[PDB]
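Along the sequence shown, the residues carry numbers beginning at 1.
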Amino acid sequence: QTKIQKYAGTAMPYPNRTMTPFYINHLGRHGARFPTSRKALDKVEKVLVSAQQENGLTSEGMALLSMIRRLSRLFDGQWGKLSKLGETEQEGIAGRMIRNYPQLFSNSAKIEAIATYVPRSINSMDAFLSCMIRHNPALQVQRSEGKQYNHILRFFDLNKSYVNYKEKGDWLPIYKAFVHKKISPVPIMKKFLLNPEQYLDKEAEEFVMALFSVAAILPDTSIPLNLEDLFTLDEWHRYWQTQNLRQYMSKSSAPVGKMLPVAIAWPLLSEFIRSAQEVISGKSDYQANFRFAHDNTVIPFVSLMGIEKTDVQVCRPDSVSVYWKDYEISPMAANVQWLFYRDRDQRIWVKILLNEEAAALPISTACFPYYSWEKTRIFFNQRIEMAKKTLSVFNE
């Protein structure tokens, strides 16, 4: 788990992860994917072609331009698709599940999976389900997807106040000034461009940020090309700090967002609770519910659960990266699993896995990582009521 990989942030590939519950409640981000937009690629290409006609390219700049042109051809028709790596990531997560808990998925167990309408989310769900069925063809499987699940899987598109905050909110100037403070474009552009100092700092900043974006997503495409050495480790460190801050403020518990980015996730936390309550009571006889969606789903959902420190409210932008780390929350294929157990006195316990590692809640338990379900559900219902009160201030 190299330092260079974590600096890819939410573009980091899923990390290496090489008694018996009666129910699993799951939310998983789509696996590693191709870039969704050619804007960054085009920005880099346009700068290098303009410099080539002012004879402003270095030898490395010429090699960079040939490499950008090649990536453009290789990405054509692939934008936003789940990659082969993304497929194998889902197979790894499914495969450890059934290997770790074969009794749960034995005999004729019943599972349900849902996904958004986005193809990479559907393909991720199918990669996961195909691994499941291959290990046990006797499973009973319900498979559905689409805009009917917008309310629980795409709440970030439905809340008018949040949409306005995401596209024009007060986090934007903080982010811009942080980028200006953190990113020094001239040392980077010097490798590629003669006289980078003649570039306006705005243009230079966009070029370097677009180039970082191309380099960060390349390991997710399964294309055997790598661009990490366009930048030093310290430049990747700084780039990651800016992108970590952008994710924190736009999607999580930053004070500037007033917890609006977190509150909008309560319908999914409510559905998690309801589907476990239905299994416990008998209204449902599913052994597992799986859900496939986006990092814009996972990040606020994890904060609203209050998994420790993921909902920290950090006043100072410069301090965020010490306390909140996006690659620890939402790498590619990020996933949350609630594992439910019934002990010898029929009391219900729950373990919370975040990227398959046990997570902590700010409640007490005498046998960590297992929490009383009763205590946990009461705590989550309080988080939901808090979310609704937060949304009452933005009723808009």
State, yes or no, whether a side-chain contact exists between [X] and [Y] at a heavy-atom distance under 4.5 Å.
X    : Y    : result
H294 : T116 : yes
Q243 : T10  : no
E197 : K190 : yes
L211 : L64  : yes

Audit row: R377, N381, side-chain contact (heavy atoms from CB on, under 4.5 Å) steps and yes/no
CA-CA 6 Å; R377 172 177 64 70; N381 283 338; 3.7 Å; yes

Nearest 0.5 Å, what's the [atom1]-[atom2] distance between [X] and [Y]?
X    : Y    : atom1 : atom2 : value
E91  : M132 : CD    : CE    : 13.0 Å
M62  : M67  : CE    : CE    : 16.0 Å
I273 : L268 : CD1   : CG    : 10.5 Å
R342 : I280 : CZ    : CD1   : 7.0 Å
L48  : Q53  : CG    : CD    : 12.0 Å

Looking at residues at least two apart in the chain, or sitting in another chain, which of them share a ring-ring contact (aromatic ring centres under 6.0 Å, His included) with [X]?
X    : value
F301 : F272
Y117 : none
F34  : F75

Relative to the ring of [Y], is the ring of [X] parallel (under 30°), tilted (30 to 60°) or perpendicular (over 60°)?
X    : Y    : result
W240 : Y7   : tilted
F212 : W236 : perpendicular
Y165 : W171 : tilted

For [Y], is there an ion pair with [X] - N to carboxylate O distance below 4.0 angstrom?
X    : Y    : result
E328 : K6   : no
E374 : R347 : no
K251 : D326 : no
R238 : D234 : yes

With sequence neighbours left out, what residues match [X] under side-chain contact (heavy atoms from CB on, under 4.5 Å)?
X    : result
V312 : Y248, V314, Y323, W324
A263 : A387, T390, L391
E54  : none
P173 : none

Please assess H26 against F128 for the test ring-ring contact (aromatic ring centres under 6.0 Å, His included), listing each intermediate value before the final yes or no.
CA-CA 12 Å; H26 155 285; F128 190 105; 5.5 Å; yes

Assess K388 against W266: is NZ or CZ under 6.0 Å from the centre of the six-membered ring, and within 45 degrees of the ring's axis?
yes

Which pairs would a plain distance check flag for residues 178-185, meaning a side-chain donor or acceptor within less than 3.5 Å of a matching protein atom at least two apart in sequence or in another chain?
residue	atom	partner	partner atom	Å
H180	NE2	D201	OD2	3.3
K181	NZ	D318	OD1	2.7
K182	NZ	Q241	OE1	3.0

With ring-ring contact (aromatic ring centres under 6.0 Å, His included) as the rule and sequence neighbours excluded, what pairs involving residues 42-70 come up?
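For residues 42-70: none.
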
Pair listing, ring-ring contact (aromatic ring centres under 6.0 Å, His included) test, anchored in residues 138-162, at least two apart:
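For residues 138-162, and leaving out neighbouring residues, there are no ring-ring contact (aromatic ring centres under 6.0 Å, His included) pairs at all.
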
[X] side chain to [Y] backbone, donor-acceptor under 3.5 Å:
X    : Y    : answer
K81  : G77  : yes
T242 : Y239 : yes
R29  : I299 : no

Residue pairs passing the side-chain hydrogen bond (donor to acceptor under 3.5 Å, both in side chains) test where at least one lies in residues 207-224, sequence neighbours excluded:
none

With a 4.5 Å cut-off on side-chain heavy-atom distances among I, L, V, M, F, W and Y, is there a chain of contacts connecting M332 to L27?
no

Stepwise side-chain contact (heavy atoms from CB on, under 4.5 Å) test for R120 and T36
CA-CA 11 Å; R120 58 179 174 267; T36 53; 3.6 Å; yes

Would you list the pairs meeting salt bridge (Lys or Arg N to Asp or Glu O under 4.0 Å) in which at least one residue belongs to residues 143-156, sequence neighbours left out?
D126-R143, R143-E145, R154-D157

Check step by step if side-chain contact (heavy atoms from CB on, under 4.5 Å) holds for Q247 and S252.
CA-CA 7 Å; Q247 306 277 24; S252 186; over 6 Å; no

Go through the steps for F192 and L230 under the test side-chain contact (heavy atoms from CB on, under 4.5 Å), then give the verdict.
CA-CA 9 Å; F192 312 118; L230 306 171; 3.8 Å; yes

Ring centres under 6.0 angstrom apart (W373, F340)
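They qualify: ring centres under 6.0 Å apart.
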
